[PDB]
Structure formats: C-alpha cells, structure tokens
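Just structure20.cif here, mmCIF, C-alpha atoms and all ligand atoms:
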data_my_file
loop_
_atom_site.label_atom_id
_atom_site.label_comp_id
_atom_site.auth_asym_id
_atom_site.auth_seq_id
_atom_site.Cartn_x
_atom_site.Cartn_y
_atom_site.Cartn_z
CA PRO I 1 22.76 -54.27 -134.55
CA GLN I 2 20.71 -54.20 -137.76
CA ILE I 3 18.80 -57.46 -138.23
CA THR I 4 17.44 -58.53 -141.60
CA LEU I 5 14.42 -60.82 -141.76
CA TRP I 6 15.26 -63.57 -144.26
CA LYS I 7 15.75 -65.76 -141.17
CA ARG I 8 13.81 -65.79 -137.91
CA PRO I 9 15.18 -62.97 -135.67
CA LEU I 10 16.30 -65.36 -132.94
CA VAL I 11 18.68 -64.11 -130.24
CA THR I 12 20.16 -65.32 -126.98
CA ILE I 13 18.59 -63.99 -123.78
CA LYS I 14 19.56 -64.36 -120.12
CA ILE I 15 16.80 -64.66 -117.52
CA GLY I 16 16.98 -66.06 -114.00
CA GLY I 17 20.69 -66.53 -114.67
CA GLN I 18 19.93 -69.01 -117.47
CA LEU I 19 20.59 -68.59 -121.18
CA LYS I 20 17.82 -69.20 -123.72
CA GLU I 21 16.93 -68.47 -127.34
CA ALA I 22 14.01 -66.12 -128.03
CA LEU I 23 12.27 -64.53 -131.01
CA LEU I 24 12.19 -60.75 -131.45
CA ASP I 25 8.46 -60.40 -132.10
CA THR I 26 7.13 -56.95 -133.01
CA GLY I 27 3.62 -58.39 -133.31
CA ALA I 28 3.59 -59.37 -129.63
CA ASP I 29 2.51 -56.77 -127.08
CA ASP I 30 3.97 -58.89 -124.27
CA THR I 31 6.92 -61.21 -123.65
CA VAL I 32 5.93 -64.88 -123.31
CA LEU I 33 8.43 -67.62 -122.45
CA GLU I 34 8.09 -71.39 -122.42
CA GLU I 35 7.57 -73.19 -119.11
CA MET I 36 10.46 -72.51 -116.74
CA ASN I 37 11.30 -71.90 -113.09
CA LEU I 38 11.62 -68.24 -112.09
CA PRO I 39 12.18 -66.91 -108.55
CA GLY I 40 9.77 -64.51 -106.88
CA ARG I 41 6.03 -64.09 -106.72
CA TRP I 42 3.72 -64.32 -109.72
CA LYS I 43 0.05 -63.90 -110.55
CA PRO I 44 -2.04 -66.03 -112.93
CA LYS I 45 -3.18 -64.30 -116.11
CA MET I 46 -4.65 -65.07 -119.53
CA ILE I 47 -3.18 -64.07 -122.90
CA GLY I 48 -4.64 -64.52 -126.39
CA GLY I 49 -2.83 -65.28 -129.61
CA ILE I 50 -3.74 -66.32 -133.14
CA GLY I 51 -5.22 -69.63 -131.98
CA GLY I 52 -6.93 -68.67 -128.74
CA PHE I 53 -6.10 -68.03 -125.10
CA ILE I 54 -3.67 -69.69 -122.69
CA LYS I 55 -3.01 -69.56 -118.96
CA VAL I 56 0.29 -67.93 -117.99
CA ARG I 57 2.17 -66.99 -114.84
CA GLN I 58 2.92 -63.26 -114.82
CA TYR I 59 6.27 -62.24 -113.32
CA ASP I 60 6.72 -58.50 -112.79
CA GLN I 61 9.94 -56.48 -112.82
CA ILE I 62 12.14 -59.36 -114.00
CA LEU I 63 15.73 -58.75 -115.08
CA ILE I 64 16.30 -60.00 -118.63
CA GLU I 65 19.20 -59.36 -120.98
CA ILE I 66 18.41 -59.47 -124.70
CA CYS I 67 21.33 -59.75 -127.12
CA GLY I 68 23.56 -57.88 -124.68
CA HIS I 69 20.97 -55.22 -123.79
CA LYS I 70 19.40 -55.13 -120.33
CA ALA I 71 15.68 -54.85 -119.67
CA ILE I 72 13.54 -55.08 -116.54
CA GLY I 73 9.87 -55.76 -117.13
CA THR I 74 6.95 -58.16 -117.18
CA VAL I 75 7.53 -61.71 -118.40
CA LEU I 76 4.72 -64.20 -119.03
CA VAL I 77 5.48 -67.91 -118.62
CA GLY I 78 3.25 -70.57 -120.12
CA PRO I 79 2.61 -72.97 -123.00
CA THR I 80 3.72 -70.71 -125.82
CA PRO I 81 5.07 -72.47 -128.93
CA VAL I 82 8.15 -70.22 -128.93
CA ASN I 83 9.96 -67.87 -126.58
CA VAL I 84 8.88 -64.43 -127.82
CA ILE I 85 10.26 -61.04 -126.82
CA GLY I 86 7.39 -58.57 -127.10
CA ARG I 87 7.17 -54.81 -127.40
CA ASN I 88 7.22 -54.26 -123.62
CA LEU I 89 10.91 -55.23 -123.68
CA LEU I 90 11.77 -54.34 -127.29
CA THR I 91 11.13 -50.69 -126.41
CA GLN I 92 13.49 -50.98 -123.43
CA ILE I 93 16.43 -52.07 -125.61
CA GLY I 94 15.63 -49.30 -128.09
CA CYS I 95 14.39 -51.50 -130.92
CA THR I 96 12.75 -49.93 -133.98
CA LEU I 97 11.49 -51.12 -137.36
CA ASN I 98 13.10 -49.46 -140.37
CA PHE I 99 12.45 -49.61 -144.11
CA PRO D 1 10.43 -44.56 -142.21
CA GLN D 2 11.39 -45.53 -138.66
CA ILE D 3 8.65 -47.08 -136.53
CA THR D 4 9.04 -47.13 -132.76
CA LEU D 5 7.33 -49.89 -130.80
CA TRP D 6 5.54 -47.94 -128.05
CA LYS D 7 2.31 -48.94 -129.83
CA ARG D 8 1.43 -51.70 -132.27
CA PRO D 9 3.27 -51.21 -135.62
CA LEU D 10 0.09 -50.92 -137.67
CA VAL D 11 0.38 -49.67 -141.25
CA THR D 12 -2.03 -49.35 -144.18
CA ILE D 13 -1.82 -52.10 -146.80
CA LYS D 14 -3.53 -52.53 -150.16
CA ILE D 15 -4.52 -56.05 -151.21
CA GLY D 16 -7.20 -57.33 -153.57
CA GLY D 17 -8.35 -53.78 -154.23
CA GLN D 18 -8.98 -53.11 -150.53
CA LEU D 19 -7.18 -50.93 -148.00
CA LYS D 20 -6.60 -52.46 -144.57
CA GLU D 21 -4.55 -52.00 -141.40
CA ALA D 22 -1.93 -54.66 -140.68
CA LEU D 23 0.91 -55.36 -138.26
CA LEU D 24 4.55 -55.34 -139.34
CA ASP D 25 5.33 -58.57 -137.49
CA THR D 26 8.90 -59.85 -137.24
CA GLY D 27 7.56 -62.83 -135.29
CA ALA D 28 5.43 -64.05 -138.22
CA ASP D 29 7.02 -66.36 -140.78
CA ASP D 30 4.07 -65.91 -143.14
CA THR D 31 1.50 -63.21 -143.87
CA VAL D 32 -1.96 -63.85 -142.42
CA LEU D 33 -4.93 -61.64 -143.26
CA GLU D 34 -8.45 -61.43 -141.90
CA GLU D 35 -11.14 -63.26 -143.86
CA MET D 36 -11.61 -61.81 -147.33
CA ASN D 37 -13.05 -63.24 -150.54
CA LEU D 38 -10.04 -63.28 -152.85
CA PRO D 39 -10.40 -64.84 -156.31
CA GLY D 40 -8.18 -67.59 -157.64
CA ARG D 41 -7.01 -71.01 -156.54
CA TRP D 42 -5.82 -71.70 -153.01
CA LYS D 43 -4.71 -74.61 -150.85
CA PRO D 44 -5.57 -75.24 -147.19
CA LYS D 45 -2.96 -74.73 -144.49
CA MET D 46 -2.69 -74.76 -140.69
CA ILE D 47 -0.60 -72.21 -138.79
CA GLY D 48 0.05 -72.40 -135.06
CA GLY D 49 0.75 -69.79 -132.44
CA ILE D 50 -0.23 -68.87 -128.91
CA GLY D 51 -3.50 -70.65 -128.19
CA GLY D 52 -3.15 -73.23 -130.96
CA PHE D 53 -3.82 -73.47 -134.69
CA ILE D 54 -6.19 -71.88 -137.18
CA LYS D 55 -7.17 -73.11 -140.64
CA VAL D 56 -6.27 -70.71 -143.45
CA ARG D 57 -6.40 -70.51 -147.24
CA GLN D 58 -3.01 -70.06 -148.92
CA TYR D 59 -2.98 -67.75 -151.96
CA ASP D 60 0.24 -67.49 -153.98
CA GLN D 61 1.66 -64.59 -156.01
CA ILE D 62 -0.66 -62.02 -154.43
CA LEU D 63 0.11 -58.33 -154.98
CA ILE D 64 0.25 -56.33 -151.74
CA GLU D 65 1.31 -52.71 -151.21
CA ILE D 66 2.64 -52.08 -147.70
CA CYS D 67 2.90 -48.43 -146.66
CA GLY D 68 3.63 -47.46 -150.25
CA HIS D 69 6.08 -50.31 -150.94
CA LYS D 70 4.99 -52.95 -153.44
CA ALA D 71 5.46 -56.66 -152.78
CA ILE D 72 4.26 -59.98 -154.16
CA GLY D 73 4.14 -63.30 -152.38
CA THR D 74 2.12 -65.80 -150.40
CA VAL D 75 -0.81 -64.56 -148.33
CA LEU D 76 -2.81 -66.71 -145.90
CA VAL D 77 -6.49 -65.86 -145.34
CA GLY D 78 -8.46 -67.05 -142.34
CA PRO D 79 -10.10 -66.22 -139.01
CA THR D 80 -7.16 -64.29 -137.61
CA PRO D 81 -8.02 -61.48 -135.15
CA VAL D 82 -5.39 -59.21 -136.75
CA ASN D 83 -3.84 -58.64 -140.16
CA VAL D 84 -0.20 -59.75 -139.90
CA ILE D 85 2.54 -58.85 -142.38
CA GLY D 86 5.13 -61.60 -142.02
CA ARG D 87 8.78 -61.95 -142.93
CA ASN D 88 8.03 -63.25 -146.43
CA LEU D 89 6.89 -59.72 -147.34
CA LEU D 90 8.85 -57.63 -144.82
CA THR D 91 12.07 -58.70 -146.56
CA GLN D 92 10.60 -57.51 -149.86
CA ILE D 93 10.09 -53.95 -148.58
CA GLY D 94 13.53 -53.80 -146.97
CA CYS D 95 12.37 -53.90 -143.35
CA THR D 96 14.95 -54.42 -140.60
CA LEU D 97 15.02 -54.50 -136.81
CA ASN D 98 17.50 -52.04 -135.31
CA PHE D 99 18.82 -51.47 -131.80
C1 LIG I 101 3.71 -66.38 -131.46
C2 LIG I 101 4.56 -66.00 -132.66
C3 LIG I 101 5.80 -66.89 -132.69
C4 LIG I 101 3.76 -66.22 -133.95
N1 LIG I 101 2.71 -65.25 -134.11
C5 LIG I 101 3.08 -63.89 -134.50
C6 LIG I 101 2.99 -62.99 -133.26
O1 LIG I 101 3.52 -61.73 -133.54
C7 LIG I 101 1.53 -62.83 -132.84
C8 LIG I 101 0.74 -61.99 -133.84
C9 LIG I 101 -0.65 -61.74 -133.25
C10 LIG I 101 -1.70 -62.84 -133.27
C11 LIG I 101 -3.08 -62.59 -132.66
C12 LIG I 101 -3.42 -61.24 -132.05
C13 LIG I 101 -2.38 -60.14 -132.03
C14 LIG I 101 -1.00 -60.38 -132.63
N2 LIG I 101 1.50 -62.11 -131.58
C15 LIG I 101 1.16 -62.71 -130.34
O2 LIG I 101 0.73 -63.83 -130.27
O3 LIG I 101 1.37 -61.92 -129.21
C16 LIG I 101 0.81 -62.37 -127.90
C17 LIG I 101 1.67 -62.18 -127.03
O4 LIG I 101 1.56 -60.66 -126.78
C18 LIG I 101 0.09 -60.36 -127.00
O5 LIG I 101 -0.05 -59.12 -128.05
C19 LIG I 101 -0.48 -59.62 -129.19
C20 LIG I 101 -1.19 -60.89 -128.80
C21 LIG I 101 -0.41 -61.39 -127.51
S1 LIG I 101 1.29 -65.85 -134.85
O6 LIG I 101 0.28 -64.79 -135.03
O7 LIG I 101 0.66 -66.92 -134.09
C22 LIG I 101 1.85 -66.44 -136.43
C23 LIG I 101 1.90 -65.52 -137.62
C24 LIG I 101 2.41 -66.08 -138.93
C25 LIG I 101 2.83 -67.57 -139.01
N3 LIG I 101 3.37 -68.42 -140.20
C26 LIG I 101 3.61 -69.75 -139.74
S2 LIG I 101 3.24 -69.82 -138.23
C27 LIG I 101 2.76 -68.43 -137.85
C28 LIG I 101 2.26 -67.88 -136.51
#
Can the structure in the file be given as structure tokens, please?
Ligand SMILES: CC(C)CN(C[C@@H](O)[C@H](Cc1ccccc1)NC(=O)O[C@H]1CO[C@H]2OCC[C@H]21)S(=O)(=O)c1ccc2ncsc2c1
Amino acid sequence: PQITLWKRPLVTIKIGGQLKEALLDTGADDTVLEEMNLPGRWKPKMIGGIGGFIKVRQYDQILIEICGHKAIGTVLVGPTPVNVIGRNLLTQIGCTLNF
Amino acid sequence: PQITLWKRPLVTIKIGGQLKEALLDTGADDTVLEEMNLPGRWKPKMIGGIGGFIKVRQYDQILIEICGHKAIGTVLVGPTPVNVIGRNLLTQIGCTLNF
C-alpha cells in the first residue's frame, strides 16, 4: 500500500502468534517492541534513542508479519514507549520513502 | 525521488540559513533539530522516546527546505543526537511510505 503521513503510520503485526500494533519508523535502525514473552534464546543488549539508552533483550531470526508481509529478523524487546518497526524489517517488506 | 531503507534516509535540509543533514523519519510526530541559535520567540517543550525525554525549544512558522522541497511549520531545537524531519513536514513535501 501507499501510506500518507497525516496520521501515525500504525499497522497490525503478528509476532509469537500474537497480534499487536506497531509504528513504521524509518528513523529507527532496529525494531524495538514493548515488554512481551517470546520463545527461544535471547542476549542482553543496549540501544540508544533520543533520550538515552535502555536495556533490551535481543531475539534473532524471529518470524514477524507486518501488514500482511512476512519478515524474519532481529527484534529488540524492552521499555520502549512504542512498538517500532525499524529499517531492518522495513527493507524486508520492500518499504521505500517516496516524494 | 524514491529512497530505499538499506541505510539511514539522510537528506540535506536548509533551515535558518544553514545546510544540514537530517533523517526523513516517519516515526517522528514533530521535527527535532540539533542545537542551533535561531532568532525569534520560542516556548519550552518535552518530547519522549527511547531512553526518555529531552527538553527542546519550540519555534513556530520556520521555513525549511527539504531536499529541494519547501515547507513551513514547527521545529523543535534541543540536544538531539540526530536531525529528525517529522510528519508535520513530511506531509508538506508529499512524502509517503510504499510497499
Ligand atoms: C521512538 C519513536 C516512536 C520516536 N522517535 C523517532 C525515531 O525514529 C527515533 C529517531 C532517532 C532518535 C535518536 C538517534 C537516532 C534516531 N529512532 C530511534 O529511536 O531508533 C532506535 C531504535 O533503532 C535505533 O536506530 C536509531 C536509534 C535506535 S524519537 O526520536 O524519540 C521522537 C521524534 C519526534 C517526536 N515528537 C513528539 S515525540 C517524538 C519522539
């Protein structure tokens, strides 16, 4: 689809078999989701945003469907203010900016 | 133009007589620019993201040219690590997400 930006670009995602809402975020290198339970192993990591750094659990090679498009990649889980879909998965679903 | 997301979507902007690099950021409600000494009145604001909040100065009706496309709107100035072009201006240059 073509998504205009007068509203937040929020979409439904499926991860771990659960549905969630997430923000298509071209300013995010990585995908960061709010606290949740995810199966499989993970490694602790740090990520920095506009306000500083937070601790996150890094899950590798996670299946995640974004607005009907499938991706498999790294997902960070931690105290983010909003579920954000970052460029590591936006590229997988073929997302571009156009003007 | 069409901008793929393999790398950060950095573009050249012109604001306050200065050229700068900034992110086309669909995850940003507002536009947030690195510290710069703009003239005119402003009002304080707090914006939150990953890591917490930062204090910024809100300037209204600021002229900003984004990759050759003129716009005018609210610009927030503060200790952000990156120049961020938010949705308030992306809509003005006709920017969409497409996949
Ligand atoms: C978190 C989202 C919802 C909101 N942000 C926008 C998002 O694109 C930020 C932009 C950014 C900030 C600092 C350095 C690089 C890029 N990216 C981000 O945090 O990415 C994380 C995850 O991947 C990593 O790569 C990049 C950094 C890591 S924001 O900056 O906090 C914001 C902007 C306007 C605004 N107006 C009212 S609130 C408000 C809040």
Query - Shell around residue 60 of chain D at 8 Å using all atoms listed in the file, local window under 6 positions removed, as JSON, numbers by chain - result: {"D": [42, 73, 74, 75]}
Protein and nucleic acid residues within 7 Å of ligand LIG 101 (chain I) (only C-alpha atoms and all ligand atoms) as a compact mmCIF listing (two decimals) with C-alpha atoms, in the frame of the given file:
# COMPACT_ATOMS: atom_id res chain seq x y z
CA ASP I 25 8.46 -60.40 -132.10
CA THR I 26 7.13 -56.95 -133.01
CA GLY I 27 3.62 -58.39 -133.31
CA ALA I 28 3.59 -59.37 -129.63
CA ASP I 29 2.51 -56.77 -127.08
CA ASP I 30 3.97 -58.89 -124.27
CA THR I 31 6.92 -61.21 -123.65
CA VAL I 32 5.93 -64.88 -123.31
CA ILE I 47 -3.18 -64.07 -122.90
CA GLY I 48 -4.64 -64.52 -126.39
CA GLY I 49 -2.83 -65.28 -129.61
CA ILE I 50 -3.74 -66.32 -133.14
CA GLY I 51 -5.22 -69.63 -131.98
CA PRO I 81 5.07 -72.47 -128.93
CA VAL I 82 8.15 -70.22 -128.93
CA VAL I 84 8.88 -64.43 -127.82
CA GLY I 86 7.39 -58.57 -127.10
CA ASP D 25 5.33 -58.57 -137.49
CA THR D 26 8.90 -59.85 -137.24
CA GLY D 27 7.56 -62.83 -135.29
CA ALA D 28 5.43 -64.05 -138.22
CA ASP D 29 7.02 -66.36 -140.78
CA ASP D 30 4.07 -65.91 -143.14
CA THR D 31 1.50 -63.21 -143.87
CA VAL D 32 -1.96 -63.85 -142.42
CA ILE D 47 -0.60 -72.21 -138.79
CA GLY D 48 0.05 -72.40 -135.06
CA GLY D 49 0.75 -69.79 -132.44
CA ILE D 50 -0.23 -68.87 -128.91
CA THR D 80 -7.16 -64.29 -137.61
CA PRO D 81 -8.02 -61.48 -135.15
CA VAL D 82 -5.39 -59.21 -136.75
CA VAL D 84 -0.20 -59.75 -139.90
CA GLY D 86 5.13 -61.60 -142.02
**Report entry** Nearest candidate to residue 2 of chain I (options I:88, I:83, I:61, I:96; using only C-alpha atoms)
**Finding:**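 Result for the nearest residue to residue 2 of chain I: I:96.
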Query raised in the report: Looking at I:23, I:4, I:93, I:54, which one is nearest to residue 68 of chain I, with distances taken over only C-alpha atoms?
Result: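 Nearest candidate to residue 68 of chain I out of I:23, I:4, I:93, I:54: I:93.
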Any chance you could work out the axis-aligned box around segment 12-20 of chain I, listed atoms only, 6 Å on each side, giving centre and edge lengths in Å to one decimal, as AutoDock Vina command-line options?
--center_x 18.7 --center_y -66.6 --center_z -120.5 --size_x 15.9 --size_y 17.2 --size_z 25.0
Requested in this report: Figure out the distance between atom CA of residue 52 of chain D and atom CA of residue 7 of chain D, please, to one decimal in Å.
Outcome: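 Atom-to-atom, atom CA of residue 7 of chain D to atom CA of residue 52 of chain D, that is 24.9 Å.
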Report task. Measure the distance from atom CA of residue 44 of chain D to atom CA of residue 85 of chain I in Å and round it to one decimal. Result ->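 Between these atoms lies a distance of 29.4 Å.
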Query raised in the report: When you draw a straight line from atom CA of residue 5 of chain D to atom CA of residue 99 of chain D, how long is it in Å?
Result: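 Between atom CA of residue 5 of chain D and atom CA of residue 99 of chain D the gap is 11.6 Å.
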**Report entry** Nearest candidate to chain I (options D:13, D:71, D:62, D:22; using all atoms listed in the file)
**Finding:** D:22
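Closest approach to chain D from the set I:76, I:3, I:89, I:19 is made by I:3, with distances taken over only C-alpha atoms.
Closest approach to residue 1 of chain I among I:77, I:95, I:33, I:90 is made by I:95 (distances from all atoms listed in the file).
When only C-alpha atoms are used to measure the gap to chain D, the shortest distance among I:18, I:58, I:46, I:36 belongs to I:46.
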Query raised in the report: Which residues come within 6 Å of residue 12 of chain D, counting only C-alpha atoms, excluding same-chain residues fewer than 5 positions away, as a list in words?
Result: residues 20, 21 and 67 of chain D
Keeping C-alpha atoms for every residue in the selection just given, could you write it to a file as a PDB file, keeping the file's coordinate frame?
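File produced: result.pdb:
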ATOM      1  CA  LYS D  20      -6.600 -52.460-144.570  1.00  0.00           C
ATOM      2  CA  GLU D  21      -4.550 -52.000-141.400  1.00  0.00           C
ATOM      3  CA  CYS D  67       2.900 -48.430-146.660  1.00  0.00           C
TER       4      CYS D  67
END
